[PDB]
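Structure first, commentary second.
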Amino acid sequence: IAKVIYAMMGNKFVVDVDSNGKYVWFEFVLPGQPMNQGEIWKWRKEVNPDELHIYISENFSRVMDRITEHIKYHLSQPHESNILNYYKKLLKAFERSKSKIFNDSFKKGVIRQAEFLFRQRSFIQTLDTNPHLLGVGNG
Amino acid sequence: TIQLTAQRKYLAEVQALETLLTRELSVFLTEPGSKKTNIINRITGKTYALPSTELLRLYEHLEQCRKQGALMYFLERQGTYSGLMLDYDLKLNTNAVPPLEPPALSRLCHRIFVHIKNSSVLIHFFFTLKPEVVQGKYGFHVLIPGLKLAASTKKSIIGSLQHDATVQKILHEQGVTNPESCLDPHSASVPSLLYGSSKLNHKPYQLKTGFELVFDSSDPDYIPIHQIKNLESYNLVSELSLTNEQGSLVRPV
Amino acid sequence: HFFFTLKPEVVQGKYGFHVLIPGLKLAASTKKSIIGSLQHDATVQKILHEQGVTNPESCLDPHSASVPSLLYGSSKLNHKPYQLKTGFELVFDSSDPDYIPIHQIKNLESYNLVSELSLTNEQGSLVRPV
């Protein structure tokens, strides 16, 4: 799921290792979302990825629904008996995995795994290094 | 609202219909204000202008859905050519069943035949009624999908039936306290509902009988009335579709 | 109540047609007048011509109602009995008898057909002595 999440939103989160050795999360804010005053179009330091958890729980669930309906679709057409049994077993093993995207421990493990993929080396050290760019209220 | 989810869960045909709507009908999307649409489902306010193949596929799919039961709110709007849609607001004095014997429906058929002969002519009949058990008793809709004369002629026929008194007398036979105003003047000027597409928190009308008068162009006063049998061996949703000019049982008169 | 039967065909002189109307009770000279009227009638002959009938007249015997007939099932000597073809239930009105719907009769199968088709059986279930 970490690969799918990284592909789905690899543009709104960056992970880097600080001096103390703790992985940290930054996200690029967009207009029209809850936020502080005057920090649009800039990265913000975040201790724990909040929007990531909700995104995993609900937005990623649409793709699960797509997979389920696709399996039902392929089960619809006439085929051989053996392939029908194979699809039935696949679905019967599959639906149990759907609920696991809501389990808290599973989400925590997914976040920990995705910490590797989202990493972008030499990111903190290059933060705010250019003196010609100023962070302002309107961007 | 929960019943919709339950139907979505324990009915595979419902999932097939939903997938059909999401993918094959995703290309035949119609603007909300445009009149080119022919099939509209008010559940999501979706407007569709499906071609004949899509129309027949929807007809058969909703037929399988209705056979098992379930619920839906599909609507269709008459085009420049269409059948005849009728509504009776039969607000009877007593909520007791006025059994609609085939002779009475035949008398209605004779009366409407007389009312239409004084117009352009070159037929299948279907009688579906409310499940009753409600204040003001039930209502009746008759459908004539064979022909295609959707114009001011339909309004003229409606006006002719509005002052018609033989049908009022026939209603009085069953003990109807509302001889007139049951037929809304907008019977043929409003979008209709496909067979099984009920109303919000209302049961769908069930089909009672059908009739098959033979059309003849030798006499403007002859009034034959034949009756169809074995409707159960048919795609009733497809058969009752006005736009279904390719219906199996019926023909595009 | 209307009843139609046909010969099994395949015979010289073609086949024969019998229609039975046991509803009414008017066995008198009125029937002879009716036979005379149908003798000069051409609408029935015109209907027959649609079937390639080269005997528009002389098919209806002048004694169609003044001779004894046979019950349903009884055959002719060295000939098959007439089998029922169809039936109709056109409505009769005493005030405005123009009503000509040809209502499709039903449930002909599960009736005592020999009892129903009898002329002298006024107390039949399907038919009544009008």
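None of the figures in this text is laboratory data; all of them are computed from the coordinates on show. Counting neighbours? That spans all protein chains shown, and the Cβs are built from the backbone with ideal geometry, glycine included.
Some notes on this structure:
- Whichever residue in the range B:139-187 is in a helix (DSSP H, G or I) and touching a strand residue (DSSP E or B) at 6+ places or on another chain (Cβ under 9 Å) and, among such residues, is surrounded by the fewest Cβ atoms within 10 Å (Cβ to Cβ): B:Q162
- Selected residue [surrounded by 14 or more Cβ atoms within 10 Å (Cβ to Cβ), touching a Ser or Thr at 6+ places or on another chain (Cβ under 8 Å) and of a type in the set (V, I, T)] from B:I40, B:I123, B:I112: B:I40
- Members of the range B:228-243 that are surrounded by fewer than 21 Cβ atoms within 10 Å (Cβ to Cβ) and either of a type outside the set (S, T, Y) or assigned to a strand (DSSP E or B) (or both): B:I228, B:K229, B:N230, B:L231, B:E232, B:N235
- In the range C:38-60, the residues that are outside any helix (DSSP H, G or I) form Cβ pairs under 6 Å with partners that are of a type outside the set (D, E, K, R), at six or more places apart or across chains, as follows: C:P56/C:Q45; C:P56/C:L48; C:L60/C:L38.
- Flag if B:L25 is surrounded by 15 or more Cβ atoms within 10 Å (Cβ to Cβ), over 20 Å from the mean Cα position of the chain (by Cα), in a loop (DSSP other than H, G, I, E, B) and more than 14 Å from chain A (Cβ to nearest Cβ): yes
- Qualifying residue in the range B:64-78 (condition: closer than 30 Å to B:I112 by Cβ, assigned to a loop (DSSP other than H, G, I, E, B) and among the aliphatic types (A, V, I, L, M)): yes
- Residue count for the range B:196-221 under the criterion of being touching a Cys at 6+ places or on another chain (Cβ under 7 Å) and of a type in the set (F, W, Y): the result is 1.
- Total residues in the range B:137-177, condition over 21 Å from the mean Cα position of the chain (by Cα) and closer than 16 Å to B:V97 by Cβ: 5
- Contact map, the range C:74-85: first residue more than 15 Å from C:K14 (Cα to Cα), second residue outside any loop (DSSP other than H, G, I, E, B) and among the hydroxyl-bearing types (S, T, Y), Cβ cut-off under 6 Å, separation 6 or more or different chains; pairs are C:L84/C:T5; C:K85/C:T5.
- Where a residue in the range C:92-111 is within 10 Å of chain B (Cβ to nearest Cβ) and β-branched (V, I, T) and its partner, wherever it lies, is part of a loop (DSSP other than H, G, I, E, B) and exposed (fewer than 11 other Cβ atoms within 10 Å of the Cβ), with Cβ under 6 Å and at least six apart: none
- B:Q246 vs. criteria over 20 Å from B:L90 (Cα atoms), more than 15 Å from the chain's Cα centre (by Cα) and more than 14 Å from chain C (Cβ to nearest Cβ): yes
- For B:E212, the conditions (1) among the acidic types (D, E); (2) within 25 Å of B:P98 (Cβ to Cβ); (3) away from chain C (no Cβ under 14 Å) are fulfilled apart from (3).
- Looking across the range C:73-91, the residues that are under 17 Å from the mean Cα position of the chain (by Cα), of a type outside the set (F, W, Y) and either on the phi > 0 side of the Ramachandran plot or within 14 Å of chain B (Cβ to nearest Cβ) (or both) come down to C:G73, C:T86, C:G87, C:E89, C:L90, C:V91.
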